[PDB]
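Next comes just one chain, in structure tokens: the form solved without homotropine (HTQ).
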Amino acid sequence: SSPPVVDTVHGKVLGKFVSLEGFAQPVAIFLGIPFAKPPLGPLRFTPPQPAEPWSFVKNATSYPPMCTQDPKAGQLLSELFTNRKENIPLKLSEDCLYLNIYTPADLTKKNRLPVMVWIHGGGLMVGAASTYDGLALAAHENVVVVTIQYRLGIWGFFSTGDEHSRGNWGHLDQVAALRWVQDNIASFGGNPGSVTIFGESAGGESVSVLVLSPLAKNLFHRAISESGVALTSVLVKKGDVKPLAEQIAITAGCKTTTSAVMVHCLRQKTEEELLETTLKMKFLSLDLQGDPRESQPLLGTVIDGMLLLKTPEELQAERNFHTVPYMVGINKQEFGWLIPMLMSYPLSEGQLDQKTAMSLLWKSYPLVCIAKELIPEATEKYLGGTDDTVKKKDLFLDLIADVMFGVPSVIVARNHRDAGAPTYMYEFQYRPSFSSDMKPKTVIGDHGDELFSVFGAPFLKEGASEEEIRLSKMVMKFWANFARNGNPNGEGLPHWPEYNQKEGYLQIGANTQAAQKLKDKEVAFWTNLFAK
């Protein structure tokens, strides 16, 4: 046939057709469609602006650049999370506000399939949209998959705390992409009236935030947060961000006379100079020596007064805002391997004792934000269970996993439920055959493990057992059904109870069945510990 040419508001776009095994209707794929003017030069540290219209047919046939980030870590995360067989090597650029579209619709006719916009994770410091291939999900559940990109690290989250650089540029880009979907997705067989946003980790936190933001209202109709919500501390900076701004400014060789001066100076720096500063800051690794209360993990979401008017805690306390069906989930062992490995945790012994745990739990401050006075009690509650040093290690990993995702996620769901909107929860417990070889075979339900089911990895990568394939089909079905009706259930699928007062949730894995009061016991413990 002839390559797919869709006419968007800004101009014509030329994609390519790809057929999936066992599907007649080939899927139309468009790579690198600009949804905003390149945030270069003076546009750096300012809201994303509308893209300039193009005169003829634009070739959306090449993978776009991933936003500037640590090239090593960024690639590593892409190999570890990609659902396609061969990991696609990417390029770094400040010019990265693009989005990829995977539409199973027959463009030759009018279609309004539900739209699923994916927001990649990566601690808001690394990541890319190209990592995720939407071919399987689009074809299998007949939905339009849209993977978007947003400014990362300094470029997307630098904030002086005042009007000279409010911050949250990255989030504003996500909002900008959603508006683009509203104004263009129809030309791709998508229904702008049924847009579902879903992300994992930092992406889940992003979805969480968009759900609380007034700007994002009416740009989506369903939300899914996989392993990450707006109560995941490490990602949301509360307090005076001015010190961090000055520390970054100095590290980049910038004066700190005034806020206006810092932003101006940083806007003069080259993309490369800022990247070097990023590497000097050492943002994804854990700091061993020094003072834990000073170690800055990353540049996250802030309370800018535009995107967020107050803290996520304060915002979710009110119900005076528009609500939509929300699905919040976590994996069995969120801190099982992936994260600890990437941050270079001192767990090389395979075992830990009471004292060393308290020592680590303290240095883990930037991740769990647990006072040093609470350390004793917390460690006792989890590791005091047994004397087995190896069990204390795994229990220590549960400690962290719960503080970062378990409890935060459940509190978020509860508040969403009490606000009166349809809520759903799940706990993914499965070990994908696509796990890294360096990942211990005992770790099941590690961070990002559900990504292989959601994105139909079993149908793009080889070796998936009939069990894994079946699992992926189920998950995609649930996800797509949710995208369709704001309810995961559907014929031929295990019943998924709504997260109401009974607090029922679905345990997804080799044996998928409903259960109740997820992490109920832990949320209780931590709500008191943190209440000092």
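Start at 1 and count along the sequence shown; that's the residue number. Only residues modelled in both forms are compared. So that the term is clear: the rigid core is the largest set of C-alpha atoms that superpose within 1.5 Å between two forms.
Below, we refer to the form deposited with homotropine (HTQ) bound, which is not included among the displayed structures.
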Check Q25, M116 and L178: does every one of them have a heavy atom within 4.5 Å of homotropine (HTQ) in the bound PDB entry?
-> no
Of 123 to 131, 419 to 427, 136 to 144, 169 to 177, which is the one stretch near homotropine (HTQ) in the bound PDB entry, taking non-hydrogen atoms within 4.5 angstroms as near?
-> 123 to 131
Contact label in the bound PDB entry: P440 to homotropine (HTQ), heavy atom within 4.5 Å | yes
Is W155 one of the residues lying within 4.5 Å of homotropine (HTQ) in the bound PDB entry, judged by heavy atom distances?
-> no
Tell me, yes or no, whether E273 is in contact with homotropine (HTQ) in the bound PDB entry, where a contact means a heavy atom of each within 4.5 Å.
-> no
Could you confirm whether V234 comes within 4.5 Å of homotropine (HTQ) in the bound PDB entry, counting heavy atoms only?
-> yes
Partner-contacting position among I248, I339, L383, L299 - heavy atom within 4.5 Å of homotropine (HTQ) in the bound PDB entry = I339
From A357, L77, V454, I148: within 4.5 Å of homotropine (HTQ) in the bound PDB entry by heavy atoms is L77
Taking the rigid core as reference, consecutive runs of 3 or more residues that move 2 angstroms or more in Cα between the shown form and the other one = 320 to 322
